Each structure stands twice: as structure tokens, then as C-alpha cells.
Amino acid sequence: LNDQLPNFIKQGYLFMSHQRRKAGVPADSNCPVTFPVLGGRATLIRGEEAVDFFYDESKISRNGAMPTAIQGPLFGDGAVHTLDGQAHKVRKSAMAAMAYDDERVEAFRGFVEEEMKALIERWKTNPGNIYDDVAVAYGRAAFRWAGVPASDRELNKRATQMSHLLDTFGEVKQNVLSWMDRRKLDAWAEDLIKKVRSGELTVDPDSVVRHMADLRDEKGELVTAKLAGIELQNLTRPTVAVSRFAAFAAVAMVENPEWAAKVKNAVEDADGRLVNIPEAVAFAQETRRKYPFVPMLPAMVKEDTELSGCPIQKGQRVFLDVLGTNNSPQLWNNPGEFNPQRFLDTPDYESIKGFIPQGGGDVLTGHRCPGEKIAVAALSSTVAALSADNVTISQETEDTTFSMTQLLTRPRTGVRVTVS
């Protein structure tokens, strides 16, 4: 049983089933599978019992679990993702106060709406693809929502630099570029925070830029302008990432013309309202569940413990299959069908323990992604925006199909689109 790192690069999102299959575990089963990867023992876990385990901070730490080749360029150095104990709780608290606050999310809903409404018209003259153009639109919204005091081009630059990062870090032949993207982005963010603290750059006192500039650590000292800038990115770039979900959502619409028209009816019955449309939210939630984005979640093991008969080791790495539980037939009724009706029946996605496309457990007391609201706020607005008639989504093979073996995958074209 050699190291499974070559298999992970080869299989991509098929790696979870592959290790499951190559271990003799039945299909659709939740049985833990133990295998070596990255020169160490690892156990892939999947299921509701796995989610409760993954977030038991008494047995599961996170620092060092994500390899630096990924955490380095994507999340940045010293980010909230690599923190445990008190230092994390104080950092999440200050960050969930901006992305998880219902008031600030509703403010973002207005920013992302206006930016999208422009594109749908903007495309009519210079059409493009969803992934690239919506990434800029998402970045413009997140930056304006944060109070970033930069020009429009600078906003679009950083937006594409963040979208370029997400496209490159996952491919072994491009991870070197994602390091250059972060190096540039880290410098632009640090300079911004440095000028806010110096008064050269004055921002709104309640803005996200200000709360980042006045960020402090667990010992009560204010973080370095770099870290304050790294963490500002971790509140804007993960929004630019949603353009990949917008691409996936665009494919599902041309594949499900019935639900696409319901959204349309909804937005039509609301005259342009692209936000807070329960139908588009359900479509956005269904896209997050079915389509591949985050393959699995890595975590370290604090002490010798056990999960469902399979024993796991101290200092071991566990992996939570997020694609497998989100589509496990054990936990979902017909997971093969793209059906946003399941998220109109249960709108509170936090009650679904097995719905973990962006994390499980609690968001305030754990590492679960804050701003799933902000993500869906952006994602649902795009579903409503493309639900129109003047918009016709191109359906070439490179527009509708994506590779399951490619990490951070997406339709080749980025899902092209044209508007009349």
C-alpha cells in the first residue's frame, strides 16, 4: 500500500470514492477508510457521525492539516484557518462578526445585486463567460461591501487576481503562479491596511477594512498589517470563488429548464429583485450541494480515538468527504437528481447535518465557513440574473461539461453567455 498522493492528483474529486473502492468498502457506504498519503497515516471519513467527530475540538485540531502548498497561496500565512484554541476563537469572533451578521449580509445583497444587474446589460455589448466576468462582479461587490477604497480597475485587478489564484493553486502545473498571486495580493492588502492605520486612507468607521485594521490577537496585540490584510482577503476572495458555483449553477439551469423558469417567474413577480428570492436561493443551495468545489477537509488528530470501529492514531490526518456526504443516498432522497425543491422543504440548511459544502458543525464556535449567506447571496443573484430570456447560455461541450479529475474544476469556457 504505497502513498496515495499520486492517486489524489490523478483522481481529483474521484479520490474519495477511489480510496473507498480500493479498500473493499461498499459503494455509497460511510465506512472509514485508512490509507497512507503525504507520507503518513490518513483516514477518510464520511457521514453524520463523521461531521460530529470532525468538529470535536477535544480530539481534532487543525493547525498543519492543510499542506502549505495549498494553505500558503490560498488562505495566506497565519490565517484563521491554521489557528486552534483561543487564538482561533478570538479571530473567528472578529471575522464571523462581519460575514455571519445578518445585517451586513443584507447590505452585501444590495451590492451584489447592482453589480450583477450591470453585467447582464454590460455583456450585451462585450459578452464573455460566467466564471471570469461574475468573479469580477463578485469581487466588486465584496470590495465595495468591505469599504475597500480603490479604483474600479484596481478592484477588478484584485478580483481577477483572486479568481486566478483559485484556478491555479489546485493544478500542480500552476501552483507556482498562485504563490505569485498571493505575494501580489498580500502586498496590496498590507499597503491598504498600513495606509488606513496611518490616516492616509480614511474609511468608514464600521467598514470591514476598519475592523481588519483594528484587529487584535489572543494576547491583546494588534495584528501585523499583512495579517490584517491577509484576513481581509479571507473575507473578499472566498466571495470571488462563488463565481465557480455560478458556473455550475448556469449549467444546471440549461439542464433543468423547469426550475429555471420558476426562478424567472419569481424574479418576474418581483421586477428585477435578484436577492432574497426563495426560489433562486433553493437553486443556489442545490448547486452548492451537488457540484464539486471543496473535495474534502483535512484535520489533525489530538489523541488516540476511534470512529465506527476503525481506530485512528495520535497525530493522524483525517479527511471529511464533503462531496460524498452532500450526495450520499444514505442522507439525501435521490441525491443524483438536481432538485432545489429539497431546499424549499428545509430552508434552514444549518439543520441538515449532512449538508456541508462549506463546513459542518457550528460556525461561531468552530471552523465552519462564515458567510455561507454571503456566498448564497451572490450565487442566488446570479441564478436570478441568468434566469432571464435575453440571456441565452451557450451549450457547447466545453460549456456544459467539466472534468471530475481536475481540482477546483469548472467548464472550460467558464460557461459562456450572451444577452440580447
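One rule holds for the numbers: they count along the sequence shown, beginning at 1.
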Stretch with higher mean Cα temperature factor, 353-361 vs 384-392, is 384-392
For 160-168 versus 262-270, entry-based mean Cα B-factors point to 262-270
Note to self: of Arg182, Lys117, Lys173, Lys92, the C-alpha temperature factor tops out at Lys117
Among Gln71, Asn256, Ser178, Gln86, the highest C-alpha B-factor in the PDB entry belongs to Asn256
Of the three thirds of Cα B-factor ranks in this chain, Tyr291 occupies the lowest
The third of the chain into which the C-alpha temperature factor of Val281 falls is the highest
By the entry's values, the third containing the CA B factor of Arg197 is the middle
Chain-relative C-alpha B factor for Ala377 (record values, thirds): the highest
Of the three thirds of the chain ranked by Cα temperature factor, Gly220 occupies the middle
